[PDB]
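Just so you know, we're using the deposited numbering here: the sequence shown kicks off at 1 and counts up by one.
Cβ atoms here follow ideal geometry from the backbone N, Cα and C, with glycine treated the same way.
Before any comments, here is the structure.
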Amino acid sequence: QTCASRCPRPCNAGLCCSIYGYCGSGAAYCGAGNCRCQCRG
């Protein structure tokens, strides 16, 4: 819920921090319109 506060690396490897504050995988989290940071896992 607060992943952006831990940019540049909020998540486990392979996951990305979304604009809504959660870590997750795939284009759903890592794509430009969804990704805050850690957008290459």
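Spatial neighbours of residue i in its chain, beta-carbon cut-off 8 Å, leaving aside the 5 residues before and after
{"i": "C7", "result": "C17, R36, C37, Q38"}
Contact under 8 Å by Cβ, residue i with residue j
{"i": "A13", "j": "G41", "result": "yes"}
{"i": "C30", "j": "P10", "result": "no"}
{"i": "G26", "j": "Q1", "result": "no"}
Beta carbon proximity, residue i to chain D, threshold 8 Å
{"i": "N12", "result": "The chain inventory of the structure shown lacks chain D, comprising one protein chain alone."}
Close Cβ partners of residue i (< 7 Å) along its chain, the five nearest in sequence each way excluded
{"i": "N34", "result": "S18, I19, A28"}
Whole beta strand (DSSP E) elements within the region 2–39, 3-residue minimum: Scanning the region 2–39 for uninterrupted beta strand (DSSP E) segments of 3 residues or longer gives 16–18, 35–37, listed from N- to C-terminal end.
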